[PDB]
Amino acid sequence: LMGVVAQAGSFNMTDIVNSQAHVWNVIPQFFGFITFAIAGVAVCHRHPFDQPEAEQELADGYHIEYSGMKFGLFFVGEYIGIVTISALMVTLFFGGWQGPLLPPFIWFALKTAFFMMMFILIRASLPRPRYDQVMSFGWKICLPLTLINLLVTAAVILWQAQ
Amino acid sequence: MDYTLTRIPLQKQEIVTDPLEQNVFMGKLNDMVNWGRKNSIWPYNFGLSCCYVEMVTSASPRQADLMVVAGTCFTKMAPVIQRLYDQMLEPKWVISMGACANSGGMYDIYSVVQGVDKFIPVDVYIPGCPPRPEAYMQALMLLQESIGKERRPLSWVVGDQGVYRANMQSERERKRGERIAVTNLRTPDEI
Amino acid sequence: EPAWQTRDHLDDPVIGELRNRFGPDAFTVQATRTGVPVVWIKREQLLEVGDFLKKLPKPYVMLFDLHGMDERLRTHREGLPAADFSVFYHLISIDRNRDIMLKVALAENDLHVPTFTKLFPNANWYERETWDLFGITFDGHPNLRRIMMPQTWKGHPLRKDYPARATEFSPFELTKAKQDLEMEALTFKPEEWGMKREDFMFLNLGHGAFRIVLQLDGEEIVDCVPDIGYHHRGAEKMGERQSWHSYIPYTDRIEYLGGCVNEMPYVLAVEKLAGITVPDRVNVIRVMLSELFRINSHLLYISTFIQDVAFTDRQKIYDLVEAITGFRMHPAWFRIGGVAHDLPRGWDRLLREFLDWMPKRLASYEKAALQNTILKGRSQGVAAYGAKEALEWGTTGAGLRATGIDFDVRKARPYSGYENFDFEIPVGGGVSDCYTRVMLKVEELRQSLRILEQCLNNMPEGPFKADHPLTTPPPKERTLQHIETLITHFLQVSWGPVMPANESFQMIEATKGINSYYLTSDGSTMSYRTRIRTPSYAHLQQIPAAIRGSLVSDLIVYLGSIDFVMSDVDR
Ligand code: SF4
């Protein structure tokens, strides 16, 4: 997320969607986009990063021993988490409420649902990895790449400093 | 039609009329509760010998409010069946697959309990060595009808704290006309 | 000479070796229809007779079976020692490609036999089952307890005086057992289970469902006694209750994935008892249905092993089975005459549709199983044993041929016209790994497709029931319009087919190993003794011998790689 903040210059979301007035942030920072998508999937405990107890039999899911409205709260909380991660992703990498002809809230809802169908698709496509490449990827490939992305975006925003 | 009331296998049941014929907001709200319990039914398929694998081609307990007892009622596994039954939370329903869960079911021998009817109440029975998945699905529809016509306490604080099971007309009496009115069948010398 | 003739087998050189070693006396040769030499050994000579058999130039290396028998009600005992009980040991020599039977007589007052686990380590569960079902005690046996029934069981089930009926169900006993299950982990005593008494943590780990107790050094597992008997249906005790004809569904229900394969050995042993030589069309139909159900079982095993790291195939096989027989899972179609009905007028089309579409499914299965590097890496080197832990722990399934031991029942001891079908069995090399077992079952599935293609090509158009008067039931049209056939149908349906008092044994390559039936008849319409030797019993006995020094995940991957069935284990 500091990739987008460094490109924009402030934390405020209105400043993000006003700094995305000419180009959307997905094309200068695609590495930041994919890393934020993977991190949002894993924090939300969605399908590829789901049931980490599947590789072991001394471990069971934490979702058990709940019944009724508590397990239901866990389920709907996961889903509001994934839809707010979709909303954050569109308003931080695509154009926040920005469109040619349709109303801005209609555009935001359409792009959010577009991200929801993309999440359904990546759920339907990618199989579950096991735990060891999950840790190995999420450290070794994920953290140096976003650090290098921050360095490169710093270099390019300081090169065209006028 | 008339109902049986269970109130606080060995308990007594009496056949009375439903309390809804004695309020208009309670009638529709109980109908909505029964509709919600009927449409969303979560099963707990118990893993047993050779009916469980048959309904595989068709979750954790205490979120599944329904138990489908598949296989043979072994004397060693009968405490497991009862313990797993008391794990689940009210309301709960029981569907018996195969003859081994309804009755002894071809095993009238020392090591087999003669059905789960001996120790837990069963809502729906399915007869015969391994029933088809469509038979399980039609039992699901029958139990959905039975749940949809019920009168359970909506809260444990205010209201009648008794469960009213409906006396459904038996399937052999309902389907008697279409079964007796069968003239001819295909010969078994072909496919 | 017919293959069902009552032979004494004194021309077997093992009998001559026994006569040279222990003298012409001290053992009694019995002439049975089992096809194997049966010798009655005295009790004190049993250990040295077994030791002599283990040190032959081509020794008897595998204990195929070990079980008791209640001789108290057996009226027709001619040429037999005075026995109240008996214990029979069935031993197989693969290098000789022969097998012998060792019967030890026992009286009521002293039901003590010297233990056999110091010679064959797979005898542990067999002696526990003999102590459970009979009253026979084994001297020098660790953790000798009940294996099929719980420890709070008074009588012995397979004894003749024990009633084979379900008693009245008291909820008080069930509440005692529920309270015992609640405090099972609290009052756990690891001395009754045969365990070594700070890292060691004892837990009960709950295809079928069965408990397996586990001793933990952290995560790594040091000892395990798999608790079985939870799926005990009493198939043998009901075999003493049903007639020769009514027991066919019970032979279907021991192994549900096999089914018709599992009613094959009972039917063949019954025909050996009755002296029935079935025609070639019956043999071809039996071979086709057995390989059909073998394809079902192998496909389900491969699909189960590949799912954790299939629908249309099994549905098409089940549709073909529903066309040929009654419902799909338990056919109950093999009769003493050989089949219940004739094949319908459309089985060529269904079998050809099944056989013209499965080879590309096999190509897809092999392309999947050869390219999953994750599954190959997870399945390599786990539960490794070559020919020695598999020659002494039973292990007659695909693991035996994965060790490289060339021993298939369909080739070594051919049955039901399997000599007429050309098929090359697959054998593994060296280590009996899990991946090698799965590849062996894939090749077995291909060979079964070849056998089905051969069955579809040349089917004889003879009778579907034999001309013998003991074919139960007789053909239906002759029953309906002839009176002698009505007599035979009446007396073979009502009381049962009266079969002469002999002893028969059929050894069969099942869907998961070697399943055998051993039938002792007392001349009546029931079976005096029914013994079902199962492969999955010996396959479950060898988990302590293989997964000592592995993890829980390795244990359950091995458990999935074993094609065992709990109802097959517990009968
Ligand atoms: S009814 Fe048949 S298939 Fe079902 S558990 Fe009993 S024996 Fe098995």
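Obtain the nm distance between the two label points defined at C:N458 and B:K175 by a simple spin-label model: each point lies 7 Å from its Cα along the Cα-to-C-beta direction.
Each label point is offset 7 Å from its Cα along the Cβ direction, giving 4.7 nm.
With +1 on each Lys and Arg Cβ and -1 on each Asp and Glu Cβ, and nothing else charged, work out how big the dipole of chain C is about its Cα centre, in Debye to the nearest 20.
600 debye
How big is segment A:27-113 by Rg and Dmax over its Cα atoms, in Å?
For segment A:27-113, the Cα radius of gyration and maximum Cα-Cα distance read 16.9, 56 Å.
Calculate, for C:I556 and C:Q380, the FRET efficiency according to 1/(1 + (r/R0)^6) with r their C-beta to C-beta distance and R0 22 Å; round to the nearest 0.05.
In this case the efficiency is close to 0.85.
To make sure I understand, if each residue's beta carbon is the centre and we count other beta carbons within 10 Å, what order do A:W107, B:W156 fall in, fewest to most?
Fewest-to-most Cβ neighbours within 10 Å comes out as B:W156, A:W107.
Using alpha carbon centroids, what distance separates segment C:46-117 and segment B:145-191, in Å?
57 Å
For the pair C:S364 and A:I120, how long in nm is the line joining their label points, each one 7 Å along Cα→Cβ?
For the pair C:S364/A:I120, the computed spacing is 2.5 nm.
Assign one of three labels to segment B:3-181, namely rounded, prolate or oblate, based on the Cα gyration tensor with a ≥ b ≥ c the square roots of its eigenvalues; rounded applies when a/c is under 1.5, prolate when it is not and a/b is larger than b/c, and oblate otherwise.
Taking the square roots of the gyration eigenvalues as a ≥ b ≥ c, segment B:3-181 is prolate.
Taking the Cα centre of chain C as the origin and placing charges on Cβ (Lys, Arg +1; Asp, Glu -1), which of C:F200, C:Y558, C:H341 is farthest toward the positive end of the dipole?
C:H341
Could you calculate the FRET efficiency of C:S494 with A:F71 from 1/(1 + (r/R0)^6), where r is the beta carbon distance between them and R0 is 45 Å, rounded to 0.05?
Rounded to the nearest 0.05, the efficiency is 0.15.
Give me the one-decimal Kirkwood hydrodynamic radius in Å for chain C, with the sum taken over alpha-carbon pairs.
Kirkwood hydrodynamic radius for chain C: 24.9 Å.
Run the simple label-point estimate for C:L186 and C:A545 please: 7 Å along Cα→C-beta, distance reported in nm.
Rounded to a tenth, the inter-label distance reads 3.9 nm.
What are the principal axis extents of the Cα atoms in segment C:1-156, in Å, biggest first?
On the principal axes, segment C:1-156 reaches 50, 35, 29 Å in Cα extent.
Calculate one ³J(HN,Hα) per residue across segment C:416-424 by plugging θ = phi - 60° into the Karplus curve 6.51 cos²θ - 1.76 cosθ + 1.60, and present them in order as whole Hz with x for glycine and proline.
6, x, 7, 6, 7, 9, 8, 8, 9
Straight-line reach from C:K42: which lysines have Cα under 16 Å away, leaving out those fewer than 8 places along the same chain?
Output for C:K42: C:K103.
Take C:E219, project a point 7 Å from its Cα along the Cβ direction, then tell me which residues of segment A:21-61 have their backbone nitrogen under 13 Å from it.
Within reach of a label on C:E219, which here means backbone N under 13 Å from a point 7 Å along Cα→Cβ, segment A:21-61 contributes A:53-60.
Mind jotting down the distance between the C-alpha centroids of segment A:117-135 and segment A:28-43, whole Å?
14 Å
Within 10 Å, count the other beta carbons around each residue, average over each peptide in A:18-27, B:143-152, and list them highest first.
Ranked from most to least packed, the peptides come out as B:143-152, A:18-27.
Once you have the Cα-Cα distance between A:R128 and A:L143, take 0.36 nm times their residue separation minus that, and quote the gain in nm to one decimal.
Extra length available between A:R128 and A:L143 comes to 3.3 nm.
From the P(r) of segment B:1-81, can you give the percent of Cα pairs sitting at distances over 22 Å?
Tail fraction, whole percent: 53.
On a C-alpha basis, how far is the centre of segment C:509-563 from the centre of segment B:1-31 in Å? Whole number, if you could?
52 Å
Which trypsin sites (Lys or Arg not before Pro) from segment C:318-393 combine a DSSP loop assignment with at most 14 other Cβ atoms within 10 Å?
Answer by residue number: C:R345, C:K388.
Sort the following peptides by mean Cβ neighbour count (other Cβ atoms within 10 Å, averaged over residues), highest first: A:93-100, C:94-101, A:77-84, B:109-116.
So the peptides A:93-100, C:94-101, A:77-84, B:109-116, ranked by packing, come out B:109-116, C:94-101, A:93-100, A:77-84.
Let me know the volume per residue of the alpha-carbon convex hull for the protein assembly as shown, in Å³.
So the per-residue Cα hull volume is 236 Å³.
Just to be sure I understand the curve: with the Debye formula and one point per C-alpha of segment C:235-570, what is log10 I(q)/I(0) at q = 0.07, 0.12 Å⁻¹?
Debye curve over Cα of segment C:235-570, log10 I(q)/I(0) at q = 0.07, 0.12 Å⁻¹: -0.30, -0.85.
List the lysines whose alpha-carbon lies under 17 Å from that of C:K58, not counting same-chain residues fewer than 8 positions away?
Candidates past the 8-residue exclusion: C:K388.
Starting from segment C:343-412, pick out the chymotrypsin sites (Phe, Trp or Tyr not before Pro) whose DSSP state is loop and whose Cβ has at most 15 other Cβ atoms within 10 Å.
Counting only loop positions with at most 15 other Cβ atoms within 10 Å, the chymotrypsin sites (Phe, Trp or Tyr not before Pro) in segment C:343-412 are C:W357.
Once the Cβ-Cβ distance between A:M135 and B:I41 is put in as r, and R0 is 51 Å, what FRET efficiency do you end up with, to the nearest 0.05?
For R0 = 51 Å, the calculated efficiency reads 0.85.
With only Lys, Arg, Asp and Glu charged, each at its Cβ (+1 for the first two, -1 for the last two), find how big the charge dipole of chain A is about the Cα centre; round to the nearest 20 debye.
Charge dipole, chain A, about its Cα centre: 460 debye, nearest 20.
For each pair in B:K118/C:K316; C:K316/C:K476; C:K178/C:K441; C:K154/C:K441; C:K54/C:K376; B:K92/C:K237, compute the distance between the two Cα atoms and list the pairs where it is over 32 Å.
B:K118/C:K316; C:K178/C:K441; C:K154/C:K441; C:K54/C:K376; B:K92/C:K237
Which one, B:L89, C:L292, A:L150, projects farthest toward the positive side of the charge dipole computed for the protein assembly as shown from Cβ point charges (K/R +1, D/E -1)?
Highest projection toward the positive end goes to A:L150.
Mind sorting B:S103, C:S494 by how few other Cβ atoms lie within 10 Å of their own Cβ, fewest first?
Ranked by crowding around the Cβ, least crowded first: C:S494, B:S103.
For chain A, what is the relative contact order in percent, using Cα pairs closer than 8 Å and at least 6 residues apart in sequence?
That works out to 35 percent.
Tell me which chymotrypsin sites (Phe, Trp or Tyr not before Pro) from segment C:443-527 have a DSSP coil assignment and no more than 14 other beta carbons within 10 Å of their own.
Those satisfying the criteria are C:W495.
When a/c reaches 1.5 or more, the comparison of a/b and b/c decides; with that in mind, is segment A:1-155 rounded, prolate or oblate per its Cα gyration tensor?
Verdict is oblate for segment A:1-155.
Rule-based calculations on the coordinates, nothing more; no lab input. Virtual Cβ from ideal backbone geometry, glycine too; neighbours counted across all protein chains shown.
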